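Engineer: Residue numbers (the deposited numbering): 4 to 169. Yeah, the Cβ is synthetic: ideal placement off N, Cα and C, and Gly gets one too. The structure's right below; bear with me while I get my questions together.
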Ligand SMILES: O=C(O)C1=C(c2ccc3cnccc3c2)CCC1
């Protein structure tokens, strides 16, 4: 959990303009959060990048979880192996507001982070899920009470987040 170059936003939320895959390889955190979908099909965005960094080991494992347990619900999570990126991967489903999923479930999605003392994570429901990433940061800040180190890939997005927060 050797995080470096993070800007402290609140007592428990830190942010960095970084590739979450590279942060996971450097830090080897106890928990890396995946911005997952209900079937754990890691086809793009952070999910695609984390799965690609495990050479598809995350996807094989996720398919077996789904065969045995069925899909997650929107706002829910499951803990699986972190493979070579972390001890554990907490897969969390935020709402896809572009598919009419309720934004109220973004709070429920972030509540899953509270079962873990320290996490390396992306912002939830950003990108293709369609939520406003600055709103997603506000929900994170209001909801997460454990220590969360957020990695943001896009410098343009990172600068907008840091400008709006501090
Ligand atoms: O910074 C992020 O968490 C976001 C995105 C993203 C996309 C593609 C990535 C590819 N490799 C690593 C991280 C990536 C993150 C898209 C929406 C917000």
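Name all residues in chain order for which at least one heavy atom of ligand 1 lies closer than 6 Å to the residue's CB.
Structural biologist: 22, 23, 24, 48, 49, 52, 125, 126, 129, 130, 155, 156, 157
Engineer: The beta strand (DSSP E) that contains residue 83, what's its start and end?
Structural biologist: Taking the chain shown and counting its residues from 1, one reaches residue 83 at position 80. Note, residue 83: beta strand (DSSP E), 80–84.
Engineer: According to DSSP, is residue 131 part of a helix, a strand, or is it coil?
Structural biologist: Along the chain shown, one-based indexing puts residue 131 at 128. The answer is helix: DSSP assigns residue 131 an H, G or I state.
Engineer: First and last residue of the alpha helix (DSSP H) that includes residue 159?
Structural biologist: Here the question's residue 159 lines up with position 156 in the chain shown. Run containing residue 159: 158–168, per the alpha helix (DSSP H) assignment.
Engineer: Within its chain, find whatever has a CB closer than 8 Å to the CB of residue 69; leave out the 5 residues flanking it on each side and keep chain order.
Structural biologist: In the chain shown, counting from the first residue as 1, residue 69 sits at position 66. Same-chain partners within the cutoff: 42, 43.
Engineer: Which residues mark the beginning and the end of the beta strand (DSSP E) in which residue 18 is found?
Structural biologist: Translated into the one-based positions of the chain shown, residue 18 becomes position 15. Here the beta strand (DSSP E) through residue 18 covers 16–20.
Engineer: Roughly how far, in whole angstroms, is the beta-carbon of residue 146 from the beta-carbon of residue 122, given that I think they are within contact range, below 8 Å?
Structural biologist: Numbered from its first residue, the chain shown carries residue 146 at position 143. Numbered from its first residue, the chain shown carries residue 122 at position 119. Actually they are not in contact, since the Cβ atoms of residue 146 and residue 122 sit about 13 Å apart, beyond 8 Å.
Engineer: One question on the structure: do residue 91 and residue 97 come within less than 9 Å of each other, judged by their Cβ atoms?
Structural biologist: By 1-based counting over the chain shown, the position of residue 91 is 88. By 1-based counting over the chain shown, the position of residue 97 is 94. In this structure, residue 97 does not lie closer than 9 Å to residue 91 by Cβ.
Engineer: Could you give the residue range of the alpha helix (DSSP H) that holds residue 115?
Structural biologist: Reading the chain shown from its first residue, position 112 is the one you call residue 115. Taken as a continuous stretch (DSSP letters only), residue 115 belongs to no alpha helix (DSSP H), as it is neither H nor E.
Engineer: Out of 83, 125, 8, 78, state which residue places its alpha-carbon closest to the alpha-carbon of residue 105.
Structural biologist: For the purposes of this step, residue 105 is taken as the residue at position 102 of the chain shown. Selected option, being the one with the closest Cα: 78.
Engineer: Is it a yes or a no for the stretch 130–141 touching the stretch 56–63, going by three-plus beta-carbon pairs under 8 Å?
Structural biologist: no
Engineer: Measure the alpha-carbon distance for residue 20 versus residue 156 and round it to whole angstroms.
Structural biologist: In the chain shown, the residue the question calls residue 20 occupies position 17. In the chain shown, the residue the question calls residue 156 occupies position 153. When rounded, the distance between both Cα atoms is 6 Å.
Engineer: Compare the Cα-Cα distances from residue 126 to each of 6, 49, 34 and report the closest residue.
Structural biologist: Here residue 126 refers to the residue found at position 123 when the chain shown is read from its first residue. For the residues 6, 49, 34, the minimum Cα distance to residue 126 belongs to 49.
Engineer: Specify, as a first and last residue, the run of the beta strand (DSSP E) that residue 184 falls within.
Structural biologist: Not covered by the structure: residue 184. The range shown for the chain is 4 to 169.
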